[PDB]
């Protein structure tokens, strides 16, 4: 069982300097928004899967863009009642390969997404922009 550890310390009003393996970032009221950071965690975790799978499937990737939009409940806790994720692969990428990468990620490999999936409505979409 892999162990991950992070440590936070107050940096400014309701803001924390957050220590991770690659460095420290400020998260909170006067720093990176925590809920926006959750979307970043989801997007990057899944993006890593998609990148590796597309590569394994011999696709020529020039760029991968991921757009996440979350809609929050109005009462506490204000969790995301809905999260929309759109994957855009740019390059010589076949729609079938992108679809397989997105499904494998969202249904089997993405650890972050797997943890919040049971508490929100997930809407996933993707598209390829064929470019040389």
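Residue numbers count along the first chain shown, from 1.
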Should the higher mean CA B-factor in the entry be assigned to 80-88 or to 58-66?
58-66
State which stretch shows the higher mean Cα B factor in the entry: 67-75 or 92-100.
92-100
If you rank the chain by CA B-factor, which third does residue 111 end up in: lowest, middle or highest?
lowest
Among the modelled residues of its chain, does the C-alpha B-factor of residue 128 lie in the lowest, middle or highest third?
highest
